[PDB]
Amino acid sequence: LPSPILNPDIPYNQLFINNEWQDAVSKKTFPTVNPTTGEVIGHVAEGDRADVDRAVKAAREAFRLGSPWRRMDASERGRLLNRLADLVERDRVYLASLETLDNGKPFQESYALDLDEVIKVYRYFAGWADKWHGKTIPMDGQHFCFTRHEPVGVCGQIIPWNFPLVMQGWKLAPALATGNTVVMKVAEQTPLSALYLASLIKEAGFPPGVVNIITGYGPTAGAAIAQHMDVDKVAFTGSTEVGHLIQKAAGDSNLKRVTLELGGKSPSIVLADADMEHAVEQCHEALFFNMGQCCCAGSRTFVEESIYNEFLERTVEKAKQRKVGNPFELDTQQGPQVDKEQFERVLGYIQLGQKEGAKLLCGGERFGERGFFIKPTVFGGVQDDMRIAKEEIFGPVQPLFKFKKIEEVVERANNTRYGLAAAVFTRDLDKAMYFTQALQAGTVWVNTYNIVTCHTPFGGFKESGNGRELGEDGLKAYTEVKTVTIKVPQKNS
């Protein structure tokens, strides 16, 4: 609704360590690109292992028994996160503009959805800080037994490019609320918004070293965090393939605690009794939201046989109508893909789908001449043995499948290494209930899609992840439990 800042000042482009801005040890930089124009926005510090070492020492000292951050009331940690959120709300237009600049997402998305969720996640976990309780336990013998929920310690946090500020907030908010310290590695494709957010962390009054932000490449700066002997926990959001490596690196270094939020090939399932127009609209947005670059995208749309043709025609019409263009104009629905490599990878899958025997119904090529835009693409007659049915495309390509039986579609839905999310559309109580049990996914939506808020635990079954983020259940990965058992003179109930 408000007006975007079309080319803003970008003062922050260095490492954030110990509440100060600094270059890498090596003084090296790397470019970030504006994906709409294909042009370089500017350069950013290229952090590597030595820079990580500096951030870890800073985080380690901020966490020391008797430190400000350790001594401080849990409620003061809350007040800080709440003030941080106030500051995000003050700078909301700038941040949303910066996000659209660097990532490519439509400013209507950045402003109204992403920034809304950033603010809410910081405010939500602000409230948890002083409400996270251990237990008193009526154990056998002359004993008083309780648990303390202590912080896990120095948390390495590695995030992707598709929702730079949201992903940052999902990591930082619960970690800080439970009194941890942080070394965060943001994505090479989208470093800018996270650095401005770091400036607001300092402004909010977080002590030095509580949050440290590192820009750099995955195999260098990322890997240094996952392998570090003085990092107590790693929380990784990214690809399933890198997920495997993170877990191995934990096993290979110091048995750091691991949470993994990985890839998806999530199914939308539309039954015959569904509200047709609603299901078509929901499945359409389930795929094309954020240009198909959403980890829980409805990337397989399964449709009952008796409504398939109608559903298909209406789906193609919505794909053809979706406005592709400059994301700074307010009615733009689909911006560009994030970079050249993603661009080419999505076009590669479009070709592959054609070669495999799937029917290209619309789009299927580049939109325009400048930047990394792709026309909304829909495939029909897709088979489970096709590669476009199996691999995570991560772009604006919607494959359609046909099924006949309830039991058939659950098996097909579940026949994947992935298990991040799923959805059913139906009017029937009994079928909705069956699907909520039968679908092997961390989140099951009924008659909706992509409703992930600060309250809703989120993560994968199978190779889509290990552990959950968000909600109360999301606090548990940032907590180390201590049992205290004390001999007492006598015991009464």
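Sequential numbering from 1, following the sequence displayed.
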Checklist entry - With respect to the recorded C-alpha B factors, which stretch has the higher mean value, 328-336 or 140-148? => result 328-336
Checklist entry - If you average the CA temperature factors over each stretch, which comes out higher, 371-379 or 419-427? => result 371-379
Checklist entry - If you compare 240, 181, 354, 75, which has the highest Cα B-factor in the entry? => result 354
Checklist entry - Which one, 450, 447, 440, 67, has the peak C-alpha temperature factor per the PDB entry? => result 67
Item to check | Ranked against its chain, the third holding the CA B-factor of residue 255 | outcome: lowest
Next on the checklist: Split into thirds by Cα B-factor across the chain's modelled residues, where does residue 157 land: lowest, middle or highest?
Outcome noted: lowest
Next on the checklist: Splitting the chain's C-alpha B-factors into thirds, which one does residue 10 fall into?
Outcome noted: highest
Checklist entry - Where does residue 133 sit by CA temperature factor within its chain: lowest, middle or highest third? => result lowest
Item to check | Entry-reported Cα temperature factor of residue 484, expressed as the chain third it lands in | outcome: lowest
